[PDB]
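For reference, the chains in residue letters:
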Amino acid sequence: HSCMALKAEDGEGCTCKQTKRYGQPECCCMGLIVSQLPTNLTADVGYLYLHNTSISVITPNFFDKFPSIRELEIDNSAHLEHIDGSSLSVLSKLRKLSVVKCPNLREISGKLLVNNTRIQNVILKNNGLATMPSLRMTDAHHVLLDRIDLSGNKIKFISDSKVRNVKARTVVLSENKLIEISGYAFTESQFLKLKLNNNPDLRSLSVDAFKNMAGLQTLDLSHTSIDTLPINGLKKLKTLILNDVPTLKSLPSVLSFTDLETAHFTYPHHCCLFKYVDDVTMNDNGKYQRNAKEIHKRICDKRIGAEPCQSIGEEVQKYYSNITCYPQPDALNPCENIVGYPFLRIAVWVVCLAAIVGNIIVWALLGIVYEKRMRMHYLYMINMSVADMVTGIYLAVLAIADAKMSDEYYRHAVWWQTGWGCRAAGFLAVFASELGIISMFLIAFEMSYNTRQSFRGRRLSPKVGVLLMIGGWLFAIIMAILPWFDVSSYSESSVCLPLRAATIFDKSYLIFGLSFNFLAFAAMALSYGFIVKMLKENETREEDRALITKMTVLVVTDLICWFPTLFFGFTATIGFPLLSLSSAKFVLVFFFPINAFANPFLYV
Amino acid sequence: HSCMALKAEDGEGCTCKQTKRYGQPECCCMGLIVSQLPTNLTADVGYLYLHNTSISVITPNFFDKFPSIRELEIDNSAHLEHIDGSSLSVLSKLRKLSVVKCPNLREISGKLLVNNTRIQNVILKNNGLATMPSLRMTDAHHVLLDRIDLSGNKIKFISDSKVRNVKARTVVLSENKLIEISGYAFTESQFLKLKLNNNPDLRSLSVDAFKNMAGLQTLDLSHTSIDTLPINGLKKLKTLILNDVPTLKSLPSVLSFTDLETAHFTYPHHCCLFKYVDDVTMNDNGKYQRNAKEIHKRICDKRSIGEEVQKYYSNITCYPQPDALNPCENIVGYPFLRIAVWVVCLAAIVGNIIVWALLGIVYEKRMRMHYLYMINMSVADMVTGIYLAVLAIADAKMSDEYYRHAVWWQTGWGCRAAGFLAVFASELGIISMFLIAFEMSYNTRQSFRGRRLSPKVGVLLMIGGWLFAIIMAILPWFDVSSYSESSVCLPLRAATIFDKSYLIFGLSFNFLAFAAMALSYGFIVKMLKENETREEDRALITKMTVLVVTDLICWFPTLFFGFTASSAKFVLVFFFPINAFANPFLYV
Ligand SMILES: CC(C)CCC[C@@H](C)[C@H]1CC[C@H]2[C@@H]3CC=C4C[C@@H](O)CC[C@]4(C)[C@H]3CC[C@]12C
Ligand SMILES: *[C@@H]1O[C@H](CO)[C@@H](O)[C@H](O)[C@H]1NC(C)=O
Ligand SMILES: *[C@@H]1O[C@H](CO)[C@@H](O)[C@H](O)[C@H]1NC(C)=O
Ligand SMILES: *[C@@H]1O[C@H](CO)[C@@H](O)[C@H](O)[C@H]1NC(C)=O
Ligand SMILES: *[C@@H]1O[C@H](CO)[C@@H](O)[C@H](O)[C@H]1NC(C)=O
Ligand SMILES: *[C@@H]1O[C@H](CO)[C@@H](O)[C@H](O)[C@H]1NC(C)=O
Ligand SMILES: *[C@@H]1O[C@H](CO)[C@@H](O)[C@H](O)[C@H]1NC(C)=O
């Protein structure tokens, strides 16, 4: 409160007062005037506080004047360049140490907290610390550190055996710019919760970085580029947190963990990898075979009467089932199966074969009905057949993937889902959908303009029609190739559809798609009405009047099918996952595929 | 191990060895030469083993000769006719009891397991018993029986009040020909887990079969064929697995149970009744109102009444969770989709009436097999409409109710007839769609040459196609496929080997017929382009060509979505009937 009284006085000086609650007096120094603490200062001070004094650098003998110090705090000191930790450590009875808002405090040297058996907690946050303090410890400390914090600093490396024998609950290294943690970074220490989150640049961890530790209850690595989690030392974690670490493709063996109860992973399939371990756990037959032999008794020795100990291959899975994982699998990211129900499997196979057969029918019957004179709309019908063929290829990819990956999907799931293959599948699907939409709109507009101007005596240029076709093709291609990048990812579904909306920009992409669907529906309705009016004005030819009738059936069926599409989208304004997303998938796989599959029987 | 080692040296005889580990000597007998009790024997038999023994009958004097026997094991007693439980009861020194592979054991008399508070296991494996032993444990017993087992046997009956207070942890009566279980079969017995699996013949489980017993933590009736389940006794039950029981469609309400922690059922609607009990719990209001008050007091001491009870029940997970193939509380799932199917069925029926009027006005006076083909296509459209209507009214009748009485609709007759109508309508429509193009092609080709298809042949082929649709529709009534596995009543199951063949053959045949029809119409249009027919036929040819092409466009996508895919039900219910009623518009 001495600092508060000084700030109320606004006098850049040191003021002290004695408190009866603790006996020792409290002194605070403040302002730019004080370059060093004045000599006429009491020595029995327990609590020493410094508000942005002009101390440029703490000398190795700076704090030695006052032996009875018990608490320290330094704040806002913009002039602090370097501090020698030894002089601070000479303070035997130092209970708490805090340093904040020092921007230029580039280094703290020496083995801190050594020879100081009374430290209770350390707070070092929002400082320009450019290297890890060399924290050592010894077993004399009667009270463990409540919290030791280095968050908000700029540390980048943790060399061999930097933090030894510290006994503490919470240790935090978040927000730092770590690039590597070397082997044996910790040693002999026990931590209740070690924090390593919000560290974008952390790529490589040494395989034995957490080896030789004396205990680690909970650990979190969220927002990290960790490639492979270390195997050793982590054999006792109660909880594991690997949130938002897309580089963590393949986890180390689930067998190694022994007592974990809660685990948050980034990809959902690791949850099933933990759950579906039912047949995997008994296969180790090594050191963890002994560990399993030991853990089974640990439960079954104490679990009217009671069941006997079932074998080490069933009770271990019974215990492992209790392990809760947050990215739980769903119908959109299923385990052991891609398509699931056998009816759907055989239906997908037959429908892929039938889509290919329909494209073949398009080719053959269009060649049969082909007129000698070049026609503008033959190319459009061919492009719609191409859209149908792409849909068939997408379903073929899904079918063959389900055929190959059956019964072992959860192991291979992440590689397929994030891999190049899923991006290709999503490209195929969305490109087919957009190509069909733009092709329907283009053929409707071309027929409308040709019919309308032909009766008046003019015509829309067929080269303009080809230009519109290539413009729509580029539209579909750019709509499909963009989600390859992070505008909207294909990795959020097991069938590679773009059910992605997290960055709000992906929401912009989906809004653009929905708006284009609405514009296509409105344009088709209006252009078809105008076509009906023009047909009322004048009649068409005969041998190609089959195509005119096909346009009329487009007038009917396109409106019939796209009318409930927007209605379902509007009724799904809540956007409930796994229900509205399924509706969107069904809409995409129905309504463009309507015309796509119709193409043979439509065009004949 | 020691007995087998001694037997390996051509041990066609009885032999004894004084093992230092057990103190008392171990004795073994082997070979058909041992047709009776041992010749001169030893009186200090500690462990007893008899393998492939030619013993004929057992009399209490057999064991009284050497009352020191502590463990017993009888194996491969091929000739063994009968044993008396009294003989083993007198041998109170016994702790182990094994009897295996007896091929013709007809009966075991007396009360086995009585008089002996030291037996720890009773392992009767494949004894072929034609009547179960009257096993009993008296009040004086104190050793926890580790396991009592009756493996593959000929136990046709359990009879009333058979078993008296057995204290075994696990009772296994599996792989049995049980035809009936009279009441009180396990009176006052205390069991931890009871397994009755793999007894197909069990069809008369009494209401008091498990009455008054001291309780079971788990009860297993896997692969039974029971017609009902008693309410009494199972109140304390902690685990009930009823996988693959096909006949238990009248399960008492989950409220009757009080301590389930895990349950298995073959029909997911039972688990939906578990979760949706929310409105059923308070409906009881009988003496079970007092029972529910008691259990609510217990639950609240353990840590509104209805919400807490339903949370507790939701904690009772069941493996057959509900699925999209049979959504609970509704067939339509959505109210907007309900009005959509209502409007499509109304459009179907109104269009059918309009088509009746149109056929009445435009019908040609002269006989025409073409008009017959059009009539049967209109009938196919009408039956699609009636299938739509019955599904819609079934949803309306069971609005919000589709967890009670759900099973009877799927299995009893409603789904059977509805699926019959649906598939018959679809197949008749497809086959008529093929026949009309076949008529067009045959008439087009032959008339130019100067011939015509036989009208009798055409009528007979139309009747044959009608019969093909009928036989395709009737088959899933049997076990070749199933209507039962969907609230929409469509034939969705594909599990059995024949089911996959049936389903894939149906779909592939439909699409192949459509492709062949398209090829035939391509031939027709090529002929028309090359040669000009008579104008009277030319107008009719053009009208029918437009009709067929428009019908193709309307029909095709429905099966595509039904295969590539709630919304599946919506599309099958909406777009296909839309084609069905839109096609006559293209007819006229
Ligand atoms: C489910 C909601 C969103 C949309 C439902 C679509 C309804 C309104 C559509 C689909 C099929 C349509 C019918 C299709 C064909 C014809 C013939 C034509 O002369 C117009 C009327 C009539 C009879 C249409 C009436 C409107 C109709 C019934
Ligand atoms: C501390 O910081 C302020 C703000 O930069 C600075 O102006 C001031 O001189 C320092 N001392 C006090 C007492 O505010
Ligand atoms: C120490 O002396 C300085 C001047 O030398 C004076 O301003 C200050 O108040 C003194 N402080 C104490 C605690 O005596
Ligand atoms: C600090 O501890 C080290 C540990 O080796 C010891 O050598 C040193 O003398 C101590 N210094 C003081 C000032 O107590
Ligand atoms: C029976 O008597 C024979 C001959 O005296 C003796 O050797 C043998 O040990 C006895 N027991 C058996 C089982 O043959
Ligand atoms: C029992 O032993 C006899 C004679 O050694 C042998 O023929 C017979 O096969 C054996 N029993 C069985 C079931 O094999
Ligand atoms: C055991 O049987 C004997 C006669 O065999 C009988 O006297 C006795 O009461 C029985 N004991 C028990 C505990 O049933």
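Criteria and cut-off values
- Residues numbered from 1 in each chain as written, not as in the entry; some residues may be left out.
- Chains lettered and ligands numbered in written order.
- Heavy atoms only, no water.
- Helix = DSSP H or I, 4+ residues; strand = E, 2+ residues; numbered from the N terminus.
- Rg over C-alpha atoms; globule rule 2.2 N^0.38 Å.
- Buried < 20%, exposed > 50% of the residue type's maximum accessible area, 1.4 Å probe, protein only.
- Areas by Shrake-Rupley, 256 points an atom, 1.4 Å probe, with all protein chains shown as cover.
- Pairing = 2+ DSSP bridges.
- Near = heavy atom within 4 Å.
- Nonpolar A, V, L, I, M, F, W, Y, C, P; charged D, E, K, R; others polar.
- Arc of directions from axis to C-beta.
- Contact = heavy atoms within 4.5 Å.
- UniProt positions renumbered as here; feature names shortened; annotations may be inferred.
- Expected span 1.5 Å × (residues − 1).
- Buried area = accessible area lost by both parts, 1.4 Å probe.
- Salt bridge = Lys/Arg side-chain N within 4 Å of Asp/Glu carboxyl O.
- Polar contact = N/O pair within 3.5 Å; in protein donor to acceptor, adjacent residues only side chain to side chain.
- Disulfide = S-S within 2.5 Å.
- Axes fitted to C-alpha atoms, helices over the stretch in contact; angles between N-to-C directions.
- Parallel < 35°, antiparallel > 145°, perpendicular 65-115°, else oblique.
- Left-handed = near helix turned anticlockwise from the far one by under 90°.

The deposited coordinates for this entry were obtained by cryo-EM, with a reported resolution of 3.79 Å.

S.K.: Would you mind showing me how to read the overall build of chain A here?
M.R.: Counting its secondary structure elements, chain A contains 13 helices and 21 strands. Here the C-alpha atoms of chain A give a radius of gyration of 35 Å, more than 25% beyond the 25 Å that 2.2 N^0.38 yields for 604 residues. Its C-alpha atoms put chain A at 110 × 70 × 45 Å along the principal axes. Considering chain A as a whole, with its 604 residues, one finds that 49% of them fall into the buried category. Summed over all atoms, the accessible surface of chain A reaches about 28400 Å², with 60% contributed by carbon and sulfur.

S.K.: Hey, could you run me through unusual backbone geometry in this one?
M.R.: Excluding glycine, a negative phi dihedral is what most residues carry, and trans is how most peptide bonds are arranged. All names here are of chain B. Here the phi dihedral of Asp10 falls at roughly 55 degrees; this positive angle occurs in a residue that is not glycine. For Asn76, which is not a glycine, the phi torsion comes out positive at approximately 55 degrees. Take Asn76: it is sitting in the loop between β4 (71-75) and β5 (82-84). Here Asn76 falls in the partly exposed class, since its relative accessible area comes to 30%.

S.K.: When you look at the sheet that holds strand β14 (residues 180-181) of chain A in this model, what are you seeing that I'm missing?
M.R.: Strand pairing within a sheet occurs via backbone hydrogen bonds; the two strands may be parallel or antiparallel. With parallel pairing, the 3 strands of this open sheet are ordered in space as β11-β14-β17 (chain A). Of all the strands in the sheet, just β11 (157-158) and β17 (204-205) of chain A have a single pairing partner and so form its edges.

S.K.: Explanation requested: the site of ligand 1 in the structure shown.
M.R.: The full set of residues close to ligand 1 is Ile560(A), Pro564(A), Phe567(A), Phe336(B), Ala340(B), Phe574(B), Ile578(B), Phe581(B) and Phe585(B). Each of chains A and B places residues next to ligand 1. The fraction of the free accessible surface of ligand 1 (620 Å²) that becomes covered by protein chains is 54%. Those elements that provide at least two residues to the shell around ligand 1 are α12 (545-571) of chain A together with α7 (335-362) and α15 (567-587) of chain B. A total of 4 residues in the shell around ligand 1 trace back to one element, the largest contributor, which is α15(B). For the shell around ligand 1, a count of residues per class yields 9 nonpolar, no polar and no charged.

S.K.: In this structure, what is going on with helix α6 (residues 305-314) of chain B? I would like to understand it.
M.R.: Count 3.6 residues to each turn of an α-helix, and residues three or four apart come out pointing the same way. All names here are of chain B. Taken as a whole, α6 has its buried residues at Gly306, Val309, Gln310, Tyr312 and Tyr313. Looking down the long axis of α6, one finds its buried residues gathered within 155 degrees of arc, a one-sided arrangement. The elements touched by buried residues of α6 are α4 (268-275).

S.K.: Sorry if this is basic, but what is going on with the pairing of strand β5 (residues 71-75) of chain A here?
M.R.: A regular strand places its side chains on the two faces of the sheet in alternate fashion. Residues and elements named next belong to chain A. Taking burial as the measure, the 5 residues of β5 include 4 buried ones, the bulk of the element. Where strand β3 (residues 47-51) lies against β5, 5 bridges are found, and the strand directions are parallel. If you follow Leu48 over to β5, its bridge partner there is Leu72. Pairing of β5 with strand β7 (residues 96-100) involves 5 bridges; the strand directions are parallel. Opposite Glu73, over in β7, you have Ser98 as the bridge partner.

S.K.: Please clarify how the UniProt feature "domain: G-protein coupled receptors family 1 profile" (unreviewed entry) in chain A should be interpreted in this entry.
M.R.: The UniProt record marks residues 358-603 of chain A with the feature "domain: G-protein coupled receptors family 1 profile" (unreviewed entry), using the residue numbering of this structure. Across residues 358-603 of chain A, helical content stands at 78% and strand content at 0%; the span's end C-alpha atoms are separated by 11 Å.

S.K.: Looking at this structure, I do not really get helix α5 (residues 287-302) of chain B. What am I missing?
M.R.: Residue and element names in this part refer to chain B. Here α5 contains 16 residues, and its C-alpha end-to-end distance of 23 Å stays within 8% of the 22 Å for a straight helix at 1.5 Å per residue. Among the residues of α5, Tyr288, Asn291, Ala292, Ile295 and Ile299 are the ones counted as buried. Within α5, the buried residues cover an arc of 100 degrees as seen down the axis, which keeps them to one side. Across from the buried face of α5, at angles greater than 90 degrees, the exposed residues are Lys287, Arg290, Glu294, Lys297 and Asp301. Tucked into the core, α5 has its buried residues touching α6.

S.K.: Whenever I open this one, the interface of chain B and chain A confuses me. Can you help?
M.R.: In many reports, interface size means the accessible area that the parts give up when they come together. Each partner contributes to the interface: chain B provides 46 residues, whereas chain A provides 47 residues. Its largest share of buried area at the contact with chain A, chain B owes to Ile553(B), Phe556(B) and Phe560(B), together 16% of the area lost on that side. Linking chain B with chain A are 1 salt bridge. Here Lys193(B) and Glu307(A) are joined by a salt bridge, their closest N and O atoms 3.6 Å apart. Along the contact surface separating chain B from chain A lie 3 residue pairs in polar contact. Secondary structure elements with two or more residues in the side of chain B that touches chain A: α7, α12 (497-530), α13 (535-555), α14 (557-564) and α15 of chain B.

S.K.: Would you mind going over the state of the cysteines with me for this structure?
M.R.: Within this structure, the stated rule accounts for 13 disulfides over all chains. The disulfide partner of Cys16(A) is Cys27(A), and the S-S distance across this bridge is 2.0 Å. One disulfide, between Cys16(A) and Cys27(A), carries an S-S torsion of 115 degrees and so falls in the right-handed class. One end of the pair, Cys16(A), is in strand β1 (residues 14-18); the other, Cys27(A), is in strand β2 (residues 25-30), and 11 residues separate them in sequence. Here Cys16(A) falls in the partly exposed class, since its relative accessible area comes to 30%. Sequential numbering of the bridged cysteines in chain B gives the disulfide pattern 1-5, 2-6, 3-4, 7-9, 8-10, 11-12. Here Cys561(A) is not disulfide-linked; the sulfur of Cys554(B) is the nearest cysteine sulfur, at 11 Å.

S.K.: Just to check I follow, could you spell out the pattern of salt bridges for this structure?
M.R.: Close approach of charged atoms allows side chains with opposite charge to pair. This structure, assessed with the given rule, holds 49 salt bridges over all chains. A salt bridge links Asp544(A) to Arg541(A); the shortest N-O distance between them is 3.0 Å. Exposure remark for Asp544(A): the relative accessible area of 9% places this residue in the buried category. Close ionic contact of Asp537(B) with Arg534(B) constitutes a salt bridge, the shortest N to O distance being 2.9 Å.

S.K.: Sorry, what's going on with the packing of helix α10 (residues 414-449) of chain B against helix α11 (residues 455-474) of chain B here?
M.R.: What describes two packed helices is the angle between their axes and the distance between those same axes. All names here are of chain B. Two elements in contact, α10 and α11, have axes separated by 8 Å at closest approach and are oriented at 155 degrees. Classified by the angle between their axes, α10 and α11 sit roughly antiparallel to one another. Like other packed secondary-structure pairs, α10 and α11 cross with a definite hand, here right-handed. In this structure, α10 uses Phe420, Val423, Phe424, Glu427, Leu428, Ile431, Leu435 and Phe438 to contact α11, whose residues at the interface are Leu461, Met462, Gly465, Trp466, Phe468, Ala469, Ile470, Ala473 and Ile474. Looking at side-chain class alone, the contact of α10 with α11 contains 15 nonpolar, 1 polar and 1 charged residues.

S.K.: What is the right way to read the sheet that holds strand β1 (residues 15-17) of chain B from this model?
M.R.: Residue and element names in this part refer to chain B. Taken together, the 12 strands give an open sheet; going across it, the order is β1-β2-β3-β4-β6-β8-β9-β10-β11-β12-β13-β14, and neighbouring strands pair in mixed fashion. With partners counted over all chains shown, the strands left at the sheet margins are β1 and β14 (262-264), one partner each. Adjacent strand axes in the sheet meet at a mean angle of 10 degrees when their direction is disregarded. For strand β2 (residues 26-30) and strand β3 (residues 47-51), the ladder comprises 5 bridges, and the chain directions are parallel. Each bridged residue has a counterpart across the sheet, and for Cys27 the counterpart in β3 is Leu48.

S.K.: Honestly, the pairing of β2(A) in this entry has me stumped. Any pointers?
M.R.: Residue and element names in this part refer to chain A. Most of β2 is tucked away: 6 of the 6 residues are buried. Burial of β2 is two-sided: the residues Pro25, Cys27 and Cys29 facing one way and the residues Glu26, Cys28 and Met30 facing the other way are all buried. Sheet topology note: the β1/β2 ladder contains 5 bridges and is antiparallel. Note that in β2 the partner of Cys14 across the bridge is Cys29. If you look at the hairpin formed by β1 and β2, you'll find 6 residues sitting between the two strands, and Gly23 has a positive phi there, around 80 degrees. The pairing of β2 with β3 spans 5 bridges and is classified as parallel. The residue bridging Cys27 from the neighbouring strand is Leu48, located in β3.

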